[PDB]
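> The structure that follows is given in the form of structure tokens.
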Amino acid sequence: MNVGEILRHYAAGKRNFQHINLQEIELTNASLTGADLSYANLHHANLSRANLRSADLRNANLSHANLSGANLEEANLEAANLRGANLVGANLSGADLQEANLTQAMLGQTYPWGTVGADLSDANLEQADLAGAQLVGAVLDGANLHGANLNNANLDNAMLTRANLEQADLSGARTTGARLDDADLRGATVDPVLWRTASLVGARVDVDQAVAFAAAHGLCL
Amino acid sequence: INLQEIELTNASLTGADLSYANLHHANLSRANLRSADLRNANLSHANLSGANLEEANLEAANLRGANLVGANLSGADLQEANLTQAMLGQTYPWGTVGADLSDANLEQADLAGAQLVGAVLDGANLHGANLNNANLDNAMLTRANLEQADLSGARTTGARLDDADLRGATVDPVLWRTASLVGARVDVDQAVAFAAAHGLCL
């Protein structure tokens, strides 16, 4: 299936594209809201600025894809493979991404003139794998990363305020200038550097973690 | 013996056994009292500014309101002394001048309301000492034993407590945000308060 047809079928009103092969398709600025594209194959597909609001996308292959600036509001993406995808500036506000793969992925990018972060406000990221992902300046305000894997995640200038990070793995995570005000870090595994860098005014922490915060400032015990 | 109000400026009185004396308001400015037995002596409101007092046994002495600004007390036995309202330090327009209290034994001593601005208590023993509402602005309190001490209401802006030992002491949250504490030894309950002092919820 190619471009001139998948648009023709969307122009007719088809919403059932599940398991349909769509590798490397050119869909820049294409509007495809609501469409069931679950289990489909979008390996390396170009979806820059593609309006994909509330599209079913569970288990879909999206690795090494271009989704920068793409509207992904309320899209269901649980277990979808997004390894190495480009989401710099994309809006995934409130998307379901539980048990989804986001390793090596590009969510943020610092340019000389400023930082552009993808909007993940109140999004769901339970058991998600963002290991080695770059979330520079990414807006995760109010998101949920319960038990999520953030091993070696780049969180410079990220707004993780009001975030649920319980049972998360923030080891090797770069957290300079990261806002974690009123976050839930209970049970998470963070390096000592996080206690000295991320703003934690209001962060819910464990008794074990509070001491680690103190020991991270050179207090002997 | 009584020797109250006497004027011994720049006087050399080293090693003198002046125990149980009555030096109420005695001007002992710059008076060399090195290694002087002064235990249980009444020195309240006396002028001891600039006076050398190295290793002077001053235990149980009453120094309430005395002026020890710039005085040398390097290693004086002041355990269980009374030093309330004392002038141990002063911030002048050109700078702060504080008394040397290096390695001084202040065990169970009472410094309630004493002004220790810029005072050097490097490595001093202050076990169980009372520092209620004590002015510790820019005081050097490094390696100082502060076990079981009470620092409630104390002003600690710019105080250095690096390598100190605060285990057991009762301090206000403001201390955790104002004093340097690199290498300090604290409790589990204290280390949690240090985190609560910076805004973490439990």
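Labels used: A, B, ... for chains in the order of the structure tokens, numbers from 1 for residues in each chain, and numbers from 1 for ligands as shown.
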Show me, as a tab-separated table (two decimals) with N, CA, C and O atoms, in the first residue's frame, the residues that have an atom within 12 Å of residue A:123 when counting only C-alpha atoms, minus same-chain residues fewer than 6 positions from it.


```tsv
chain	number	residue	atom	x	y	z
A	72	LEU	N	-0.07	13.83	18.50
A	72	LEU	CA	-0.37	12.47	18.92
A	72	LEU	C	-1.25	12.48	20.17
A	72	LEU	O	-1.20	11.55	20.97
A	73	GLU	N	-2.04	13.54	20.33
A	73	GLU	CA	-2.88	13.68	21.51
A	73	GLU	C	-3.85	12.51	21.63
A	73	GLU	O	-4.56	12.17	20.68
A	74	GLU	N	-3.88	11.90	22.82
A	74	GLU	CA	-4.81	10.84	23.20
A	74	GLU	C	-4.65	9.57	22.38
A	74	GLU	O	-5.52	8.69	22.44
A	75	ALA	N	-3.56	9.42	21.63
A	75	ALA	CA	-3.36	8.20	20.85
A	75	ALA	C	-3.00	7.04	21.77
A	75	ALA	O	-2.24	7.19	22.73
A	76	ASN	N	-3.57	5.87	21.48
A	76	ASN	CA	-3.26	4.64	22.21
A	76	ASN	C	-2.02	4.01	21.59
A	76	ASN	O	-2.06	3.55	20.45
A	77	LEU	N	-0.93	3.96	22.35
A	77	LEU	CA	0.35	3.45	21.85
A	77	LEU	C	0.94	2.37	22.75
A	77	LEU	O	2.16	2.17	22.73
A	78	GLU	N	0.12	1.67	23.53
A	78	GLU	CA	0.67	0.70	24.47
A	78	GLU	C	1.35	-0.44	23.73
A	78	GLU	O	0.82	-0.97	22.74
A	91	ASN	N	3.55	16.43	20.00
A	91	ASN	CA	2.61	16.52	21.12
A	91	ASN	C	2.00	15.15	21.35
A	91	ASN	O	1.22	14.66	20.53
A	92	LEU	N	2.35	14.53	22.47
A	92	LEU	CA	1.75	13.27	22.91
A	92	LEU	C	1.02	13.47	24.23
A	92	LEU	O	1.07	12.62	25.12
A	93	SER	N	0.33	14.60	24.36
A	93	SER	CA	-0.35	14.95	25.61
A	93	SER	C	-1.43	13.93	25.94
A	93	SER	O	-2.44	13.83	25.23
A	94	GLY	N	-1.22	13.15	27.00
A	94	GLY	CA	-2.20	12.18	27.45
A	94	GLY	C	-2.24	10.88	26.69
A	94	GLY	O	-3.22	10.14	26.82
A	95	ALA	N	-1.21	10.56	25.90
A	95	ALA	CA	-1.21	9.32	25.14
A	95	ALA	C	-0.94	8.13	26.06
A	95	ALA	O	-0.19	8.22	27.03
A	96	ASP	N	-1.57	6.99	25.74
A	96	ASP	CA	-1.29	5.75	26.44
A	96	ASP	C	-0.05	5.11	25.84
A	96	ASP	O	-0.03	4.79	24.65
A	97	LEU	N	0.98	4.93	26.65
A	97	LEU	CA	2.23	4.32	26.20
A	97	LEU	C	2.71	3.26	27.19
A	97	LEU	O	3.91	3.03	27.32
A	98	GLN	N	1.78	2.61	27.89
A	98	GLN	CA	2.18	1.63	28.89
A	98	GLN	C	2.86	0.43	28.23
A	98	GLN	O	2.39	-0.07	27.21
A	139	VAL	N	8.55	18.08	28.15
A	139	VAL	CA	7.53	18.47	29.10
A	139	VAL	C	6.76	17.22	29.50
A	139	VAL	O	5.82	16.81	28.82
A	140	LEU	N	7.17	16.60	30.61
A	140	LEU	CA	6.44	15.48	31.21
A	140	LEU	C	5.63	15.91	32.42
A	140	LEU	O	5.46	15.13	33.37
A	141	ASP	N	5.12	17.14	32.41
A	141	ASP	CA	4.33	17.68	33.51
A	141	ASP	C	3.10	16.82	33.77
A	141	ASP	O	2.19	16.76	32.95
A	142	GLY	N	3.08	16.15	34.92
A	142	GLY	CA	1.94	15.35	35.29
A	142	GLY	C	1.90	13.95	34.71
A	142	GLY	O	0.86	13.29	34.81
A	143	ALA	N	2.98	13.49	34.10
A	143	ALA	CA	3.00	12.18	33.48
A	143	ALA	C	3.17	11.09	34.54
A	143	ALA	O	3.41	11.35	35.72
A	144	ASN	N	3.07	9.84	34.09
A	144	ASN	CA	3.17	8.68	34.97
A	144	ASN	C	4.25	7.74	34.44
A	144	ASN	O	4.08	7.16	33.36
A	145	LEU	N	5.33	7.58	35.19
A	145	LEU	CA	6.37	6.64	34.80
A	145	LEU	C	6.57	5.58	35.87
A	145	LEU	O	7.70	5.32	36.29
A	146	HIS	N	5.48	4.96	36.31
A	146	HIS	CA	5.56	3.92	37.32
A	146	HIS	C	6.40	2.75	36.80
A	146	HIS	O	6.11	2.18	35.75
A	160	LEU	N	9.66	17.56	34.78
A	160	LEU	CA	9.00	16.38	35.33
A	160	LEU	C	8.15	16.70	36.55
A	160	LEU	O	8.10	15.91	37.49
A	162	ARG	N	5.05	17.11	39.06
A	162	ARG	CA	3.83	16.35	39.34
A	162	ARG	C	3.86	14.98	38.66
A	162	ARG	O	2.84	14.48	38.19
A	163	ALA	N	5.04	14.36	38.61
A	163	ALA	CA	5.24	13.10	37.91
A	163	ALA	C	5.30	11.93	38.88
A	163	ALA	O	5.79	12.06	40.01
A	164	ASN	N	4.80	10.78	38.43
A	164	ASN	CA	4.83	9.55	39.21
A	164	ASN	C	6.00	8.70	38.70
A	164	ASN	O	5.94	8.15	37.60
```

> Find the spatial neighbours of residue A:101, counting only C-alpha atoms, within a cut-off of 12 Å - ignore same-chain residues fewer than 6 positions away - and output them as a VMD selection string.

chain A and resid 58 to 64 77 to 85 125 to 133 148 to 150

> Based on only C-alpha atoms, which of the residues in chain B come within 6 Å of chain A? I want them as a list in words.

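Here is what falls inside 6 Å: residues 182, 183, 184, 185, 191, 192, 195, 199, 200, 201 and 202 of chain B.
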
> Hey, which of B:33, B:124, B:117, B:112 ends up closest to residue B:78? Count only C-alpha atoms.

B:124

> Just the residues within 7 Å of residue B:34, please, counting only C-alpha atoms, with nothing from its chain fewer than 4 positions along; format it as a ChimeraX atom specification.

/B:14-15,52-56

> Return as a list in words the full set of residues in stretch 15-205 of chain A whose backbone-based DSSP assignment is alpha helix (DSSP H).

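Assigned to alpha helix (DSSP H), within stretch 15-205 of chain A: residues 192, 193, 194, 195, 196 and 197 of chain A.
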
> Atoms to include: N, CA, C and O atoms. Write the selected residues as a CSV table (one decimal), in the first residue's frame.


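Wrote it out as out_28.csv, contents follow:
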```
chain,number,residue,atom,x,y,z
A,192,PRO,N,23.2,9.4,43.1
A,192,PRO,CA,23.4,10.5,44.0
A,192,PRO,C,23.4,11.8,43.3
A,192,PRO,O,23.0,12.9,44.0
A,193,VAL,N,23.8,11.9,42.1
A,193,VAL,CA,23.8,13.2,41.3
A,193,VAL,C,22.4,13.8,41.2
A,193,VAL,O,22.3,15.0,41.3
A,194,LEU,N,21.4,13.0,41.1
A,194,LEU,CA,20.0,13.5,41.0
A,194,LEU,C,19.7,14.3,42.3
A,194,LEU,O,19.0,15.3,42.2
A,195,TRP,N,20.1,13.9,43.5
A,195,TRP,CA,19.8,14.6,44.7
A,195,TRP,C,20.4,16.0,44.7
A,195,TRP,O,20.0,16.8,45.5
A,196,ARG,N,21.5,16.2,43.9
A,196,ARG,CA,22.1,17.5,43.9
A,196,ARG,C,21.7,18.4,42.8
A,196,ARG,O,22.1,19.6,42.7
A,197,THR,N,21.0,17.9,41.8
A,197,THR,CA,20.7,18.6,40.6
A,197,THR,C,19.2,18.9,40.4
A,197,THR,O,18.8,20.1,40.3
```

> Given only C-alpha atoms as the basis, pick out the residue of A:198, A:173, A:40, A:25 nearest to residue B:198.

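Nearest candidate to residue B:198 out of A:198, A:173, A:40, A:25: A:198.
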
> Distance atom CA of residue A:26-atom CA of residue A:103, one decimal place?

23.5 Å

> From stretch 72-213 of chain A, collect each residue whose DSSP state is strand (DSSP E or B) and return the set as a PyMOL selection string.

chain A and resi 76+81+86+91+96+101+106+108-111+114-117+119+124+129+134+139+144+149+154+159+164+169-170+174+179+184+189-190+199+204

> Just C-alpha atoms for this one: save the residues we selected as an mmCIF file, in the first residue's frame.


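Output file part.cif follows:
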```cif
data_model
loop_
_atom_site.group_PDB
_atom_site.id
_atom_site.type_symbol
_atom_site.label_atom_id
_atom_site.label_comp_id
_atom_site.auth_asym_id
_atom_site.auth_seq_id
_atom_site.Cartn_x
_atom_site.Cartn_y
_atom_site.Cartn_z
ATOM 1 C CA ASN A 76 -3.262 4.644 22.214
ATOM 2 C CA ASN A 81 7.862 -0.110 19.361
ATOM 3 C CA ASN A 86 12.221 11.211 16.334
ATOM 4 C CA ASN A 91 2.613 16.521 21.121
ATOM 5 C CA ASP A 96 -1.295 5.748 26.445
ATOM 6 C CA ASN A 101 9.541 0.905 23.914
ATOM 7 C CA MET A 106 14.737 11.672 20.400
ATOM 8 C CA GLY A 108 14.297 16.739 23.112
ATOM 9 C CA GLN A 109 16.972 18.762 21.370
ATOM 10 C CA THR A 110 18.979 21.780 22.546
ATOM 11 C CA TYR A 111 19.604 24.280 19.765
ATOM 12 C CA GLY A 114 16.848 27.391 22.829
ATOM 13 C CA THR A 115 15.482 23.969 23.717
ATOM 14 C CA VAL A 116 12.579 22.138 22.050
ATOM 15 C CA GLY A 117 10.904 19.407 24.088
ATOM 16 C CA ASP A 119 4.849 17.543 25.219
ATOM 17 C CA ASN A 124 0.870 7.309 30.627
ATOM 18 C CA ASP A 129 11.406 1.565 28.424
ATOM 19 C CA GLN A 134 17.053 11.864 25.099
ATOM 20 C CA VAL A 139 7.525 18.474 29.104
ATOM 21 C CA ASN A 144 3.171 8.676 34.968
ATOM 22 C CA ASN A 149 13.124 2.240 32.825
ATOM 23 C CA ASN A 154 19.018 12.483 29.265
ATOM 24 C CA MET A 159 9.907 19.564 33.426
ATOM 25 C CA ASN A 164 4.832 9.546 39.205
ATOM 26 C CA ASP A 169 15.162 3.135 37.252
ATOM 27 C CA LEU A 170 16.852 6.546 36.995
ATOM 28 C CA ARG A 174 21.430 12.993 33.427
ATOM 29 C CA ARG A 179 12.302 20.099 37.515
ATOM 30 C CA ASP A 184 6.612 10.697 43.538
ATOM 31 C CA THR A 189 16.464 3.943 41.982
ATOM 32 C CA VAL A 190 18.338 7.203 41.369
ATOM 33 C CA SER A 199 14.691 20.563 42.006
ATOM 34 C CA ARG A 204 7.542 12.408 47.830
#
```

> Please list as a PyMOL selection string every residue within 9 Å of residue B:72, counting only C-alpha atoms and excluding residues in the same chain fewer than 3 positions away.

chain B and resi 49-54+68-69+99-101

> Tell me which protein, DNA and RNA residues are within 9 Å of residue A:68, counting only C-alpha atoms, leaving out same-chain ones fewer than 6 positions away, and put them as a PyMOL selection string.

chain A and resi 47-50+85-91+106-107+118

> Quick check, in Å to one decimal: how far apart do atom CA of residue B:41 and atom CA of residue B:119 lie?

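Computing the Euclidean distance for atom CA of residue B:41 and atom CA of residue B:119 yields 23.0 Å.
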